[PDB]
Structure formats: C-alpha cells, structure tokens
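Chains, contacts and geometry: an overview
Residues per chain, in single letters:
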Amino acid sequence: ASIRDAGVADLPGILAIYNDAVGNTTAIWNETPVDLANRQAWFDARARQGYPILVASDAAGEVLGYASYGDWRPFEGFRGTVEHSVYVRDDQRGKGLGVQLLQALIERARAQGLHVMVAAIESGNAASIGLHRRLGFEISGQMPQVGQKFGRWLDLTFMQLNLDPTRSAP
C-alpha cells in the first residue's frame, strides 16, 4: 500500500472509518459520531499546525487506513512532543497496515525536528502495546480507571519514543 498526505477528496473515506471506530471499539474514547464538516475543520487545523494526516491506499484509490499526530498537551512547553492515532478500515485488518502508517508518521515527525512521540493505549490491548514496543516505544505510564466506555472504567497505558536521543537540549 502507498502512504501519502490526505487530500480533501479522502475525507469521506476517513469519516467512515472514524465514526466506525467510536461506536464499536475502545481504540477511540469518544462515543459521538461526527459529520464531514467536522473532519474538514480538523483537516484545515492540522494544515495550519504543519501536522500531517496520512492515508494508506492502492491502485483503486480508496482509503484503507489513515493516521495523524497533533499536540500532546496544549502549552508552549510541550512543543517538542506530539501524540499520534492510527485507524485501519475494518475489512483491511491483519495486513500490517497499522505498522506501515505508524512508521510513516515517525519519519515525518523526525524530519520536522520533533523530540518525542507519545502513544495512549487502552491497557487491555496487548497486541497494540507489543507492536509499539517492537517499533522502539517504551512504557512510561500506567494510569488506572482514568477513562470509560460502554459503561465501564478503562485503564490507559502511555508509551513514548525519543526521536533524537543525542540531542542534549532543544
């Protein structure tokens, strides 16, 4: 699959994947679906911040998956740190796309001179933690019952990857 920046024409495909995640998974901790205007606003905001929105596709040109990153925390002191999110279309799982999209984000982040990429993972997702681990992430936080979905408390696991370890200062 090819990976590249998203265009406005990829937004309805992205919308479908997203609304789908929020109502049937613990991958996204929102329960309310959004509309196209909402994603168009998100698309423009990422553009002003210089943050990428990547799309996995092929010859057919359909959105098989997407990924992006943005502010981890809203303060000037965290500008060297970003948090990512990756989503694969449901008929496309088990094909290694998630790893492809995450690796692409890491390359864009590194190229932009960012220092750390953070991952927030539902603690029960052992496979997701294992995949992030193989890519260089290390667990830096384990926070009990800070979230909730489908009527139950959720635990969050924080993982991080230092994009440039030899950089003694910003």
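Residues numbered from 1 in each chain as written, not as in the entry; some residues may be left out. Heavy atoms only, no water. Residues with missing side-chain atoms left out of burial classes, pairs and counts.

- In the PDB archive, X-ray crystallography is given as the structure determination method for this entry, at a resolution of 2 Å.

1. Thoughts on unusual backbone geometry
- Even without being a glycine, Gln145 presents a positive backbone phi close to 45°.
- Along the polypeptide, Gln145 turns up in strand β6 (residues 138-149).
- Positive phi outside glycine occurs at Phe150, with the angle close to 55°. (Helix = DSSP H or I, 4+ residues; strand = E, 2+ residues; numbered from the N terminus.)

2. Let's talk about the UniProt feature "binding site: acetyl-CoA" in the protein
- UniProt records the feature "binding site: acetyl-CoA" for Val86, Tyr87, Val88, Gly94, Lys95, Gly96, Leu97, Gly98, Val99 and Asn125 in the present numbering. Annotated residues from the preceding list that form part of the lining of the largest pocket: these are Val86, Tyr87, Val88, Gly94, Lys95, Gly96, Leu97, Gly98, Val99 and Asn125.
- Examined against the element boundaries, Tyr87 turns out to sit in strand β4 (residues 81-88).
- Owing to a relative accessible area of 11%, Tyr87 belongs among the buried residues under this scheme. (UniProt positions renumbered as here; feature names shortened; annotations may be inferred. 1 Å grid on protein atoms, 1.4 Å probe; cavity = no way out; pocket = protein on both sides within 12 Å on 5 of 7 lines; lining within 4 Å. Buried < 20%, exposed > 50% of the residue type's maximum accessible area, 1.4 Å probe, protein only.)

3. Focus on the layout of surface pockets
- The volume enclosed by the largest pocket comes to roughly 1,400 Å³.
- Lining of the largest pocket is provided by 46 residues; of these, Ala27, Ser85, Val86, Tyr87 and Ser128 occupy positions nearest its centre.
- Residue assignment for the lining of the largest pocket shows that the elements contributing at least two residues are α1 (11-24), α2 (36-49), β3 (65-71), β4, α3 (97-111), β5 (116-122), α4 (126-134) and β7 (152-162).
- Taken together, the residues of the lining of the largest pocket break down into 23 nonpolar, 14 polar and 9 charged.
- Estimates place the volume of the second largest pocket at around 290 Å³. (Points joined across faces, edges and corners; volume = space filled by probe spheres on them. Nonpolar A, V, L, I, M, F, W, Y, C, P; charged D, E, K, R; others polar.)

4. Describing the packing of aromatic side chains
- Applying the stated criterion across every chain yields a total of 7 aromatic pairs.
- Look at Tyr18 and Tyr87: their rings are 6.4 Å apart centre to centre, the planes differ by 75°, and that puts the pair in the edge-to-face class. Here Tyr87 lies in strand β4 and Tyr18 lies in helix α1, a separation of 69 residues in the sequence. No difference in accessibility class separates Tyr18 from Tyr87, as the two residues are buried.
- Within the aromatic cluster, the residues linked to one another by ring pairs are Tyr18, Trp42, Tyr66 and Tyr87.
- One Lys or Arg, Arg39, reaches over the ring of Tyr18 and ends 4.5 Å from the middle of that ring. (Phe/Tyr/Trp six-rings, centres within 6.5 Å; stacked < 30°, edge-to-face > 60°. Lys NZ or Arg CZ within 6 Å of the ring centre and 35° of its normal.)

5. Thoughts on the environment of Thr32
- By the element assignment, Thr32 lies in the loop between α1 and α2.
- In this structure, the C-alpha to C-alpha distance between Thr32 and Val22, residues 10 residues apart in sequence, is 6.8 Å.

6. Here we look at the packing of α1 against α2
- Taken N-terminus to C-terminus, the directions of α1 and α2 make an angle of 110°; their axes are 10 Å apart at the nearest point. As judged from the angle between their axes, α1 and α2 are roughly perpendicular. As α1 runs across α2, the sense of the crossing is right-handed. Packed against α1, whose contacting residues are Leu11, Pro12, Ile14, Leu15 and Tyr18, the element α2 presents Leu36, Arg39, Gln40, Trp42 and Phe43 at the interface. (Axes fitted to C-alpha atoms, helices over the stretch in contact; angles between N-to-C directions. Parallel < 35°, antiparallel > 145°, perpendicular 65-115°, else oblique. Left-handed = near helix turned anticlockwise from the far one by under 90°. Contact = heavy atoms within 4.5 Å.)

7. Concerning the nonpolar core
- The biggest cluster of nonpolar side chains holds 21 residues, and the ones touching the most others in it are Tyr69, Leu105, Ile106, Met117 and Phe137.
- The element best represented in this core is α3, accounting for 6 residues.
- Among residues more than four places away in sequence, those in contact with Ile106 are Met117, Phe137, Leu161 and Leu163.
- Residues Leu15, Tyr18, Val34 and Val55 belong to the second largest nonpolar core, which totals 17 residues. (Core = buried A, V, L, I, M, F, W, Y, C linked by side-chain atoms within 4.5 Å.)

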